[PDB]
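What follows is a single structure, written as structure tokens, with notes after it.
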Amino acid sequence: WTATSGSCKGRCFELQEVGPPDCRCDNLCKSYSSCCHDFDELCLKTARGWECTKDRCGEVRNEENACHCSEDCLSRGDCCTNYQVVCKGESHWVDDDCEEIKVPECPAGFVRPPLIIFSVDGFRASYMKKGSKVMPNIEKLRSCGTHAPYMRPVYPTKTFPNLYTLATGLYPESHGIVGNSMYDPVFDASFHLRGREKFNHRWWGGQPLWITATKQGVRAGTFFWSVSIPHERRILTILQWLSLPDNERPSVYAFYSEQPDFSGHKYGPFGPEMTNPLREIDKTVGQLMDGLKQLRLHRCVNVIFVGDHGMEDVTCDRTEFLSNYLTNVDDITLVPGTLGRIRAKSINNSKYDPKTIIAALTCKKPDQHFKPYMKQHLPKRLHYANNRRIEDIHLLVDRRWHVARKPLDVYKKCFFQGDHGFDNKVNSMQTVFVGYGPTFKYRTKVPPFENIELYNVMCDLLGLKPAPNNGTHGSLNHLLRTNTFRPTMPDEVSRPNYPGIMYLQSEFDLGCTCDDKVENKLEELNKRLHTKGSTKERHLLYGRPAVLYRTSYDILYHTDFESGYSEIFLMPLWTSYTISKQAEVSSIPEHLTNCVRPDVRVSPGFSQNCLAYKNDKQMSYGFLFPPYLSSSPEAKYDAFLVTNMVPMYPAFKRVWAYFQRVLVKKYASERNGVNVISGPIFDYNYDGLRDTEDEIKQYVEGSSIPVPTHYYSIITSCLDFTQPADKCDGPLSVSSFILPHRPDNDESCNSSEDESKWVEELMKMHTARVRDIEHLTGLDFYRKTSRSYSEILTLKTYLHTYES
Ligand SMILES: *[C@@H]1O[C@H](CO)[C@@H](O[C@@H]2O[C@H](CO)[C@@H](O[C@@H]3O[C@H](CO[C@H]4O[C@H](CO)[C@@H](O)[C@H](O[C@H]5O[C@H](CO)[C@@H](O)[C@H](O)[C@@H]5O[C@H]5O[C@H](CO)[C@@H](O)[C@H](O)[C@@H]5O)[C@@H]4O)[C@@H](O)[C@H](O)[C@@H]3O)[C@H](O)[C@H]2NC(C)=O)[C@H](O)[C@H]1NC(C)=O
Ligand SMILES: O=C(/C=C/c1ccc(OC(F)(F)F)cc1)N1CC[C@@H]2CN(C(=O)c3ccc4[nH]nnc4c3)C[C@@H]2CC1
Ligand SMILES: [Ca+2]
Ligand SMILES: [Ca+2]
Ligand SMILES: [Cl-]
Ligand SMILES: [Cl-]
Ligand SMILES: [Zn+2]
């Protein structure tokens with residue numbers, strides 16, 4: 001029940017929310033069906049349209065018009081946005097040359113430059129170029145303001161997850177909105193676009209911008225708009241608010257457009273029918289910019305033009321059906337579309353085995369347009385596992401395709417030519433960012449960045465302290481003219497030990513043997529220098545990584561590589577080495593094939609043993625620094641130290657060996673040398689953060705040797721490739737991956753072929769930001785360079801995507 005007997009008289013679009021049973025007059029009243037009887041009459045006026053005409057100039061004020069052209073309209077703050085052009089001979093904002101806004105030019109009583117978020121749904125990145133001819137206002141913002149070529153959304157590239165990430169700086173796994181449709185097993189409730197469940201606050205975690213603003217005494221206009229409120233009324237309402245008295249006027253505003261998404265689904269991303277919605281958005285932007293110019297605010301307000309995701313060509317006939325794969329199709333629930341999520345149909349079924357489901361969906365058709373994953377096995381860059389609303393089984397769907405359960409679901413539940421939701425590295429899914437105003441830079445192009453970073457920036461633009469989020473604060477300082485946040489390196493928590501030679505061979509009982517007895521004052525003093533770290537400025541090019549948690553570890557120096565060896569985890573946390581362009585690949589000589597040597601710097605008690613690997617029939621081992629890249633036959637013996645060794649499934653060894661033997665050399669040739677840092681990751685609880693010692697779920701049988709869930713490498717070189725990696729004077733270039741450490745190669749359908757047909761493709765899929773590895777290891781890289789910290793944070797958030 002709601003007693004909607006009150007009035008909206010003088011309450012049109014009120015900023016405080018009144019409670020039951022009194023009727024409401026805010027921009028959300030409709031969605032709650034709680035509006036006052038006269039809401040439409042008083043607040044949603046349409047009479048005479050949205051533009052002033054020549055005859056209307058200096059008219060008498062009729063209060064039933066949608067906007068006014070009367071003399072007192074500027075005072076009342078409700079002129080039609082084109083009033084000054086038609087009636088006062090002023091120019092449109094678009095027709096003015098753009099002049100740099102060096103200082104905020106704000107009216108009196110304005111404590112800070114206001115922020116207006118102009119969000120556009122499904123606004124694919126490539127529209128900025130391909131529609132430029134029909135979007136003159138947007139093109140002005142772009143060329144005069146600060147813009148990226150594109151901005152990367154979060155996965156899934158859906159509306160609700162992405163709009164709420166924009167508002168929170170959080171991954172969906174963290175804010176809780178993991179899809180447009182969700183089932184929470186603890187609530188036993190479903191979230192849908194249609195229905196009232198989506199309104200309960202229990203679905204929405206994190207702290208969105210408008211809550212952050214309020215808690216810190218910065219007033220917010222209501223972000224969300226009802227579908228039946230025309231865009232013109234949305235602009236006027238925002239311009240009205242900007243006319244409110246100082247003590248009432250919000251500092252942050254949001255506008256939202258359901259276009260071009262709406263048309264995109266119908267007509268595809270580039271349908272000839274797409275020109276008009278693009279024309280319209282631009283006109284809406286023109287109205288805001290003209291309106292701001294009236295209020296003398298067009299050189300005071302910061303405007304963000306931002307999209308949630310792009311749009312892909314998708315049709316009914318491009319649907320994969322699970323019924324073509326499974327026998328028991330009725331014992332599963334599927335969340336369908338541009339992504340698949342599978343769970344049991346009955347919540348407590350004993351004989352439900354996701355293993356057989358996965359197996360039934362794996363490389364079963366030569367042409368398969370999706371791939372099944374256990375969620376912990378999804379690429380770590382997606383950050384899509386750590387929420388109870390994310391089903392254990394996931395299907396990553398090929399761009400342009402859909403997955404459905406049965407054919408009846410598609411024909412009894414084609415009308416559409418467009419859709420979105422795919423892997424967030426997909427080109428068609430990229431969306432837009434433009435910043436314009438006093439605080440943004442002037443005519444500045446920035447590199448592409450991820451939408452998780454904007455919350456920090458919007459907090460900065462408003463003088464707010466951001467809630468804890470997934471952005472890297474300071475990585476987008478280069479978008480801004482004036483920065484309110486100076487980022488600083490975190491302090492190292494653990495300092496390393498620097499052990500010398502302390503143990504004799506016979507003290508070790510590791511079950512390891514090596515044929516190393518085959519054997520001068522000059523070259524014996526030379527190799528001592530190597531163990532002292534004489535060649536360390538060659539193999540450790542950016543300083544030692546800092547350990548940001550409490551642990552016990554040793555720095556080990558060698559001729560060819562340096563390592564941070566953990567006495568807790570019995571293996572290195574990191575291994576650092578430089579491979580120059582000139583460097584050569586050799587093989588493991590025949591006598592050294594099974595060679596594992598004790599490390600006389602490290603105690604038997606803090607070492608791995610070979611016996612455990614002998615007994616554990618599932619688990620073999622590999623080496624972090626590759627024997628194949630030793631600089632001399634004598635230095636190769638270093639690669640076989642027990643302290644360079646890590647547990648590896650034979651299946652994974654195929655991937656790793658190809659990386660170490662072939663790919664590193666290829667990268668060094670293409671990039672003019674590379675520095676490589678490699679190591680283990682332990683994330684058994686799939687939360688994207690390093691596991692503590694007491695959270696390890698797997699050991700090499702009958703040992704205390706923990707098995708990594710993943711192996712990473714960070715591969716750095718000079719951005720100016722005319723310079724070698726180890727003598728770089730400028731900006732850096734980086735690519736990284738986090739490989740899942742899996743007992744099989746079921747992910748790569750071509751794995752029975754030679755490693756050259758599949759391994760690199762798998763690595764590309766598991767591309768990663770340096771920052772992802774940091775979360776997962778508790779380490780902090782690039783501590784010693786000649787580059788500014790902001791530039792280094794930008795470098796750390798970089799993702800090499802491999803898209804063309
Ligand atoms: C991305 O950035 C976020 C934010 O910094 C990081 O997430 C934080 O991680 C830490 C460490 O694991 C968590 O702290 C622990 O949690 C609890 C306290 O938790 C409560 O209090 C906070 C503070 O107000 C609140 O945000 C939490 O809200 C969670 O739970 C709600 C339901 O109960 C839910 O509506 C909401 O979405 C959120 O759920 C998410 O986090 C929980 C874990 O807390 C997780 O189970 C779930 O799947 C969701 O992902 C909650 O009421 C303490 O008792 C512990 O001691 C410990 O300190 C933070 O809670 C957590 N913050 C948020 C907002 O999630 C991510 O780690 C980071 N990711 C990466 C990859 O870097
Ligand atoms: O009013 C807002 C935004 C406020 C905002 C504005 C800015 C913003 O960013 C921030 F926070 F940073 F300012 C966040 C939210 N709405 C957006 C949310 C939903 C989306 N929706 C759909 O029907 C819909 C659209 C596309 C689809 N494709 N497939 N299914 C789809 C379903 C109904 C509702 C409209 C209201
Ligand atoms: Ca959307
Ligand atoms: Ca973890
Ligand atoms: Cl294999
Ligand atoms: Cl630990
Ligand atoms: Zn959509």
Side-chain angles (χ1 to χ4, degrees), residues 27-28 30-31 115-123 156-169 175 177 179-181 192-194 198 206-213 220-229 234 252-266 304-309 311 314 337-338 376 380 385-386 416 418-421 433 451-452 454-455 457-459 649-655 681-692 695-697 709-710 742-748 750-753 755 758-759 762 775-778:
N27 46 7
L28 274 186
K30 299 274 204 172
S31 308
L115 169 62
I116 301 179
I117 300 144
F118 200 103
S119 56
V120 280
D121 203 324
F123 199 106
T157 53
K158 284 291 169 47
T159 311
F160 272 101
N162 273 272
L163 286 176
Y164 203 56
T165 280
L166 277 171
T168 61
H175 64 60
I177 310 297
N180 283 351
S181 148
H192 316 267
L193 298 144
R194 311 295 177 191
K198 63 159 193 294
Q207 191 190 104
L209 186 62
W210 56 88
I211 295 312
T212 302
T222 20
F223 277 42
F224 297 81
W225 299 95
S226 291
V227 288
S228 37
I229 305 169
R234 294 170 187 188
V252 66
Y253 300 89
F255 167 93
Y256 167 82
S257 172
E258 39 280 304
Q259 288 288 25
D261 175 279
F262 192 75
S263 288
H265 291 275
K266 305 158 108 309
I304 285 171
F305 188 82
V306 74
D308 55 350
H309 53 66
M311 185 68 71
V314 183
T338 51
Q376 68 270 24
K380 303 295 287 189
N386 186 30
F416 63 84
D419 207 354
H420 53 82
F433 174 84
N451 71 350
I452 58 164
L454 269 187
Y455 170 80
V457 173
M458 296 188 292
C459 288
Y649 293 115
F652 187 80
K653 281 173 65 44
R654 299 187 56 206
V655 173
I681 281 162
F682 310 83
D683 194 16
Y684 290 101
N685 61 9
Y686 52 88
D687 64 352
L689 311 166
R690 70 158 307 259
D691 289 12
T692 49
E695 296 178 323
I696 307 306
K697 295 177 68 53
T709 51
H710 297 79
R742 291 181 54 168
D744 63 72
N745 280 296
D746 292 344
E747 175 175 0
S748 315
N750 286 322
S751 64
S752 67
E753 299 174 34
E755 283 81 13
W758 61 274
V759 171
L762 171 76
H775 295 328
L776 282 164
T777 56

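Here, residue 1 is the first one in the sequence, and each next residue gets the next number. All ligand and atom numbering here is 1-based and tracks the order in the structure.
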### Message
Please work out, at 4.0 Å between heavy atoms, whether the side chain, the backbone, both, or neither of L193 comes within that distance of ligand 2.
### Response
side chain
### Message
Measuring from atom 13 (F) of ligand 2, which candidate in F223, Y455, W225, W210 has the nearest non-hydrogen atom?
### Response
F223
### Task
Please check if a non-hydrogen protein atom sits closer than 4.0 Å to atom 25 (C) of ligand 2.
yes
### Query
N/O/S of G688 less than 3.0 Å from the Ca ion (ligand 4)?
no
### Message
Test of understanding: given a 4.0 Å heavy-atom threshold, classify the contact between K158 and ligand 2 as side chain, backbone, both, or neither.
### Response
neither
#### Entry: Option of least heavy-atom distance to atom 8 (C) of ligand 2 (set: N27, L163, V120)
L163
## Note on the structure
Logged contact type for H420 with ligand 2, heavy-atom cut-off 4.0 Å, is side chain
### Task
Before signing off on this row, confirm whether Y256 and ligand 2 have an N or O atom pair separated by under 3.5 Å.
no
### Query
Quick check: does any side chain N or O of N162 sit under 3.5 Å from a backbone N or O of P156, one acting as donor and the other as acceptor?
yes
### Query
Any protein heavy atom under 4.0 Å from atom 21 (N) of ligand 2?
no
### Distance from atom 30 (N) of ligand 2 to nearest protein heavy atom, with residue and atom
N180 ND2, 3.6 Å
### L209 touching ligand 2 at heavy-atom level, < 4.0 angstrom
no
### Query
How many angstroms lie between CG in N386 and CG in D687, if you round to the nearest 0.5 Å?
5.5 Å
### Task
Please find the N/O/S atom of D687 nearest to the Ca ion (ligand 4) and write down its name.
OD1
### Query
With a cut-off of 4.0 Å, which atoms of ligand 2 are near a heavy atom of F160?
19 (C)
### Query
Is ligand 2 under 4.0 Å from a heavy atom in the side chain of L166, in the backbone, in both, or in neither?
both
### Task
In sequence, state the C-alpha distance, the side-chain angles, and the governing distance for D261 and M311, and then conclude on side-chain contact (heavy atoms from CB on, under 4.5 Å).
CA-CA 8 Å; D261 175 279; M311 185 68 71; 3.7 Å; yes
### Query
If you count the atoms of ligand 2 from 1 in the order shown, which ones are under 4.0 Å from a heavy atom of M458?
12 (F)
#### Entry: Protein heavy atom at shortest distance from atom 31 (C) of ligand 2
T159 OG1, 3.9 Å
### Query
Under the 4.0 Å line, does any protein heavy atom show up next to atom 4 (C) of ligand 2?
yes
### Message
Applying side-chain contact (heavy atoms from CB on, under 4.5 Å) to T212 and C459, what does each step give before you reach the verdict?
### Response
CA-CA 8 Å; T212 302; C459 288; 4.3 Å; yes
### Task
Examine distances only and state if a side-chain atom of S226 and a backbone atom of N27 form a donor-acceptor pair shorter than 3.5 Å.
yes
### Task
Would you please classify the geometry between the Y164 ring and the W210 ring as parallel, tilted or perpendicular, with 30° and 60° separating the classes?
tilted
### Message
Side chains of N180 and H192 only: does a donor on one sit below 3.5 Å from an acceptor on the other?
### Response
no
### the Ca ion (ligand 4) to nearest N/O/S of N685 less than 3.0 Å
yes
### Task
Please indicate whether any nitrogen or oxygen in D121 is less than 3.5 Å from any nitrogen or oxygen in ligand 2.
no
## Note on the structure
Interatomic distance, CD1@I177 vs OG1@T168, rounded to 0.5 Å, equals 9.5 Å
### Message
Is it the case that the side chain of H420 and the backbone of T157 share a donor-acceptor pair, with hydrogens and angles ignored and the cut-off at 3.5 Å?
### Response
yes
### Query
Which of these, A167, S119, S226, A220, has its nearest heavy atom closest to atom 6 (C) of ligand 2?
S119
### Message
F118 and ring-ring contact (aromatic ring centres under 6.0 Å, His included): which single residue from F123, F305, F433 fits?
### Response
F305
### Query
Any side-chain donor paired with an acceptor under 3.5 Å for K158 and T338?
yes
### Query
Of all N/O/S atoms in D683, which lies nearest to the Ca ion (ligand 4)?
OD1
### Message
Counting only nitrogen or oxygen atoms and a 3.5 angstrom limit, does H265 reach ligand 2?
### Response
yes
### Message
Is it the case that over 12 heavy atoms from other parts of the model lie below 6.0 angstrom from the CZ atom of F416?
### Response
yes
### Query
Is it true that some N/O/S atom of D691, main chain or side chain, lies under 3.0 Å from the Ca ion (ligand 4)?
yes
### Message
Please give me the minimum heavy-atom distance between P743 and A651, naming the atom from each residue.
### Response
O-CB, 3.2 Å
### Query
So how far is it from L209 CG to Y455 OH, rounded to the nearest 0.5 Å?
6.5 Å
